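**Student:** My structure is below; once you've seen it, I'll send some questions.
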Amino acid sequence: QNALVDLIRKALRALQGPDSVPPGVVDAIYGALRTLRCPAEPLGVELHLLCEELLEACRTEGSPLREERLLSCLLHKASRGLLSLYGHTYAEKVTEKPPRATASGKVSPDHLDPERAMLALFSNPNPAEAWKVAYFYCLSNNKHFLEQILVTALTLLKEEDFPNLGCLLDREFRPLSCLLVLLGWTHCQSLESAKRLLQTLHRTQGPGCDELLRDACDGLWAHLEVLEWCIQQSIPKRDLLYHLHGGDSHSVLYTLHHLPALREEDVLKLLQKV
Amino acid sequence: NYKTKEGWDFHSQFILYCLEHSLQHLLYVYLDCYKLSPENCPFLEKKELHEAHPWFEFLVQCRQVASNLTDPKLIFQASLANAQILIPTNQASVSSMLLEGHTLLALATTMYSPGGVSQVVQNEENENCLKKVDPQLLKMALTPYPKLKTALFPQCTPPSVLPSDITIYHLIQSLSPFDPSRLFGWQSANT
């Protein structure tokens with residue numbers, strides 16, 4: 001069975017290029033492979049190797065092999081477990097060519113983080129392919145979509161990356177962009193970045209988001225306008241961000257005192273806004 | 275021109291044996307060969323088998339939501355199936371990770387699901403069992419979520435004033451020698 005497996009393995013591995021397949025890669029390679037009981041249970045690297053071969057082969061075309069016709073004519077006693085091994089190593093091959101950026105060929109996936117592949121899957125135009133990738137990753141890589149997605153979302157939220165969040169959440173996560181922004185907000189230091197995060201995520205999290213979240217984005221923009229009014233009326237970025245991150249306890253009066261002949265009109269307008 | 279007395283088919287048995295082979299994407303290829311759908315096959319929705327073969331329920335929800343994942347309904351069904359497959363709880367959902375502390379997956383599942391986040395913020399009477407969670411386990415287990423906790427649920431404080439982090443002497447001290455601490459000790463507001 002191992003030698004007939006290898007006969008198929010030759011016929012295929014040789015078909016793996018552009019050479020014309022002679023007679024047998026269309027009937028004799030198939031017969032030799034059918035003679036292979038490379039079975040289930042703990043086996044050598046050959047079983048999973050040929051399993052991935054047929055599967056990642058089903059990820060190809062042009063010559064006469066795949067996991068597809070393989071499954072067609074390869075249902076036997078010593079094969080369903082090898083099929084499961086093919087599932088594991090096939091999740092491996094599809095992650096191997098991970099979400100294919102044919103348009104974006106400049107990005108090198110030699111040492112790339114999972115964020116790029118995950119975002120490409122989310123914003124992919126193939127919910128069938130996207131769902132297949134997610135299910136395979138869960139089954140044979142132990143990764144729920146939600147947990148990894150939310151961890152990466154908090155990670156991106158701490159840094160306030162507006163437009164990319166608006167783009168990737170537009171795949172499915174428009175509802176929770178404002179919530180992610182709120183979770184990461186206490187980890188922010190620049191007013192422009194905060195406004196950008198609210199606009200391209202929290203405002204991008206529009207009607208699909210919770211009313212409280214978009215309301216918080218609006219109140220935050222209003223407070224930012226009031227603070228700009230005060231800053232025009234009047235800078236320690238340390239004290240500013242200390243008040244901002246601590247605004248929950250830091251009273252507005254606390255922050256302002258922390259900041260006679262000045263513009264009582266400007267502060268009066270800032271207060272009358274409230 | 276084939277049939278039985280019992281009622282199975284070599285294709286009925288074919289899908290059943292693919293389950294006996296525990297196939298999801300290969301079973302999905304076979305389903306496309308039959309061009310399968312969210313509920314077009316009444317015999318593929320065995321809740322006992324769906325959870326028990328959590329992979330099979332994941333594949334069925336995959337067909338349903340690859341047909342339509344944008345909808346909160348079909349997408350919510352797919353997310354619940356994914357939680358059942360991943361979280362091994364007999365009742366595995368957003369709540370399973372929530373009570374355990376993993377409120378991240380909880381919010382991710384609750385963004386577009388029955389009841390809703392603001393509804394949970396207000397109303398907890400939604401008879402849908404998937405719209406509830408163990409309260410204290412998740413709550414104390416939501417420790418790394420101060421900002422999230424503040425944003426999600428308004429604080430049900432009484433009519434008494436909340437913390438006022440500026441004092442009369444204090445805010446006055448912004449005028450340098452005009453810090454009212456040097457006198458007026460009988461007034462606490464000038465703290």
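For the protein sequence lines, the chains are A and B, in the order given. Each residue of the first sequence is one higher than the last, beginning at 1 in our numbering. Each residue of the second sequence is one higher than the last, beginning at 275 in our numbering. The beta carbon of each residue, even a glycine, is placed where N, CA and C say it ideally should be.
1) Considering only the alpha carbon of each residue, which of 424/B, 459/B, 318/B, 404/B lies closest to residue 242/B?
2) Listed in chain order, which residues of the stretch 230-243 of chain A have Cβ atoms closer than 8 angstroms to some Cβ of chain B?
3) Run through the stretch 41-84 of chain A for me and flag every whole beta strand (DSSP E) of 3 or more residues, listed as ranges in chain order.
4) Would residue 125/A pass as an interface residue toward chain B - the criterion being a Cβ-Cβ separation below 8 angstroms?
5) Please state whether the Cβ-Cβ distance between residue 359/B and residue 328/B is less than 8 angstroms.
6) When you compare the CB of residue 151/A with every CB in chain B, is at least one pair closer than 8 angstroms?
7) With distances taken Cα to Cα, identify the nearest neighbour of residue 303/B among 245/A, 206/A, 187/A, 72/A.
8) Taking any Cβ of chain A, which residues in the stretch 416-433 of chain B have a Cβ under 8 angstroms from it, in chain order?
9) Please return the same chain residues whose Cβ sits closer than 7 angstroms to the Cβ of residue 32/A, not counting the five positions on each side in sequence.
10) Applying the criterion that 16 or more other CB atoms from any shown protein chain within 10 Å of the CB defines a buried residue, is residue 27/A buried or exposed?
11) Determine, using beta carbons only, whether residue 336/B comes closer than 8 angstroms to chain A.
12) To which residues of the same chain is residue 249/A closer than 8 angstroms at the C-beta, ignoring the five residues directly before and after it?
13) Alpha carbon to alpha carbon, what distance is there between residue 373/B and residue 347/B?
14) Since residue 176/A and residue 209/A are thought to touch, with beta carbons under 8 angstroms apart, how far apart are those beta carbons, to the nearest angstrom?
15) Compare the beta carbon distance of residue 370/B and residue 357/B with 8 angstroms and say whether it is the shorter of the two.
16) Is the CB of residue 287/B under 8 angstroms away from at least one CB in chain A?
17) Can you tell me where the alpha helix (DSSP H) with residue 184/A in it begins and where it stops?
18) Taking its Cβ as the centre, do 16 or more other Cβ atoms sit within 10 Å of residue 308/B, making it buried, or is it exposed?
19) Cα-Cα, which of 227/A, 236/A, 254/A is closest to residue 268/A?
20) Does residue 222/A pass the burial test, meaning 16 or more other C-beta atoms within 10 Å, or should it be called exposed?
21) Can the beta-carbon of residue 295/B be found less than 8 angstroms from the beta-carbon of residue 182/A?
22) Would you please verify whether the beta carbon of residue 461/B is less than 8 angstroms from any beta carbon of chain A?
23) Enumerate in chain order the residues of its own chain whose CB-to-CB distance from residue 241/A is below 6 angstroms, with the five nearest sequence positions on each side excluded.
24) Express the C-alpha separation of residue 322/B and residue 154/A in angstroms, rounding to a whole number.
25) Does the CB of residue 296/B have a neighbour CB from chain E at under 8 angstroms?
26) Distance, Cα to Cα, residue 451/B vs residue 185/A?
**Tutor:** Concretely, from the data shown:
1) In the structure as shown, chain B begins at 275 and stops at 465. Residue 242/B is therefore absent and cannot be evaluated.
2) Of all residues in the stretch 230-243 of chain A, none has a Cβ within less than 8 angstroms of some Cβ in chain B.
3) Those beta strand (DSSP E) runs which fall completely within the stretch 41-84 of chain A and span 3+ residues do not exist here.
4) Not one chain B Cβ lies under 8 angstroms of residue 125/A.
5) For residue 359/B and residue 328/B, yes; Cβs fall inside 8 angstroms.
6) It does; some Cβ of chain B falls within 8 angstroms.
7) It is 72/A.
8) If the cut-off is 8 angstroms between Cβ atoms, the stretch 416-433 of chain B has 419, 420, 421, 422, 424, 425, 426, 428 near chain A.
9) 4, 7, 8, listed in sequence order.
10) With fewer than 16 other Cβ atoms within 10 Å, it is exposed.
11) So yes, residue 336/B belongs to the interface.
12) So no residue of the chain qualifies.
13) Rounded to the nearest angstrom, the gap between the Cα atoms of residue 347/B and residue 373/B is 24 angstroms.
14) Beta-carbon to beta-carbon, residue 176/A and residue 209/A are separated by about 7 angstroms, close enough to satisfy the 8 angstroms threshold.
15) Contact check for residue 370/B against residue 357/B passes: the beta carbons are separated by less than 8 angstroms.
16) Judged by the 8 angstroms Cβ criterion, residue 287/B is not in contact with chain A.
17) Counting along the chain, the alpha helix (DSSP H) containing residue 184/A begins and ends at 177-185.
18) Around the beta carbon of residue 308/B, fewer than 16 other beta carbons sit within 10 angstroms, so the residue counts as exposed.
19) Distance check between residue 268/A and each of 227/A, 236/A, 254/A places 227/A closest, using alpha-carbon atoms only.
20) Counting Cβ neighbours within 10 Å, residue 222/A comes out exposed, since fewer than 16 surround it.
21) Annotated as distal: residue 295/B and residue 182/A, with beta-carbon spacing of 8 angstroms or more.
22) Using a Cβ-Cβ cut-off of 8 angstroms, residue 461/B does not count as an interface residue toward chain A, since no Cβ of chain A sits closer than that to its own.
23) Closer than 6 angstroms at the Cβ level, and outside the excluded window around residue 241/A, lie 189.
24) If I take the Cα positions, the gap works out to 36 angstroms.
25) Although the question refers to chain E, the structure presented lacks it and instead comprises the protein chains A and B.
26) The alpha-carbon atoms of residue 451/B and residue 185/A are separated by roughly 37 angstroms.
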